[PDB]
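To start, the structure under review is shown below, and the notes come after it.
All Cβ positions, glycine included, derive from the backbone under ideal geometry; neighbour counts span all protein chains shown. Values quoted throughout were computed directly from the atomic coordinates according to the rules given, and no laboratory measurement underlies them.
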């Protein structure tokens, strides 16, 4: 079919668009034979040429038009691979951040969109690390922060409360002390929208972690003859101080959280007092 | 305003918040169960929120 | 009731906002128009009361 459309190489429509470009764009989308027609990226990020590279030197304009038609049809994974083939790392991580953002806090289910998008992002991350490919520092920092947040929510949903706490402490996204609140509110202004959209769920998960550690401390009845009572009172005071820092932070951020989120944060603190 | 609005819940007229006054209808056991659960959920929470407001102020 | 039990307060407000503010007055008006000198059905009176409880809470 591509041999026949090459006769249209000099033909233009009434708008001046190339008829060859149009027919090839329809052909690639209908056949779904992207790697064969348009070529594929290797692990080094060299492009293996497709069938179309025989006919034109401007394969990049073709791949971008096909990618835009795939995006408009809702084929976002294929559109991301095609924009990447259009030699755009920056675009890969930008689109992957947009795709990961709504699924970060979700519970992992077998065959879920979250698990598929996570596995896609991990495969991109492993390959870009092995090839030494870096996008723009802003986009790249957002991408790895979304991956670390997926790990935080995996450990949280697995019930590994102490490991999920160590991850959120390392990420420095939320204040774990009253003194850190102003610094973190200032830092919040520099986060991307993809991270800001997840902040309500991060605060709820972090507050649930603190509340569950507090319940474990109170439910450990007095039957271990040998732990000094002062170390328990000090740890209770610290968890309540951390919980207060999260609420003070949630109230100071220039971001309108859901009314249910703020109500649940305050309700968990009242149950810790 | 918060104090007034939480008192309108805690002091809701004629037998209290989420309680039927008219018993001359068929019993919906699913509805009556859900209302009792919401009372156990919402009323302690409202009391703790009001305590928190009054204590911090 | 389901949204309140699930702590989805914003979803419960969105449902509450779908109900027109005149809905209670309209229920009384329609009952009066049916030429019934009787009190409202116990179901509808309890449903009005339940709605006012949810309003005060939201």
Based on the Cβ-Cβ distance of residue A:218 and residue A:43, what FRET efficiency does E = 1/(1 + (r/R0)^6) give at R0 = 56 Å, to the nearest 0.05? 0.60
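Which whole-number percentage describes the relative contact order of chain A, with Cα contacts under 8 Å and a sequence gap of 6 or more? Can you show the working numbers first?
Values: 263 pairs, mean separation 34.8, N = 273.
Answer for chain A is 13 percent.
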Over the alpha carbons of the protein assembly as shown, what is the largest minus smallest coordinate on each principal axis, giving the biggest first in Å? 85, 77, 36
Largest first, please: the extent of the C-alpha atoms of the range A:143-230 along each principal axis, to the nearest Å. 50, 30, 18
Semi-axes a, b, c in Å (a largest) for the range A:86-241, each sqrt of 5 times a Cα gyration tensor eigenvalue, come to 35, 18, 13
Taking the range A:197-273 as the region of interest, what is the percent of Cα-Cα pairs per 5 angstrom bin, listed from the shortest bin to the one with the maximum distance? 3, 14, 26, 21, 14, 9, 7, 4, 2, 1
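Taking N as the number of residues in the range A:5-85, what value does Rg over Cα atoms divided by 2.2 N^0.38 Å take?
Details: Rg = 12.4 Å, N = 81, 2.2 N^0.38 = 11.7 Å.
Here the Cα radius of gyration is 1.06 times the empirical estimate.
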Reduced Cα scattering model of chain B, Debye log10 I(q)/I(0), q = 0.30 Å⁻¹: -1.22
Chain A - mean residue ellipticity at 222 nm from DSSP helices (-39,500 (n - 2.57) per run, n ≥ 4, rounded to 500): -21000 deg cm²/dmol
In whole Å, what are the Cα extents of chain C along the three principal axes, biggest one first? 42, 19, 16
Rounded to 10°, Cα long-axis angle of helix A:229-252 versus longest principal axis of chain A: 50
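Take peptide C:48-54, look around each residue's Cβ out to 10 angstrom, count Cβ atoms belonging to other protein chains, and average those counts. Let's see the in-between values first.
Numbers: counts 0, 10, 7, 0, 4, 11, 4.
Mean number of neighbouring Cβ atoms from other chains: 5.
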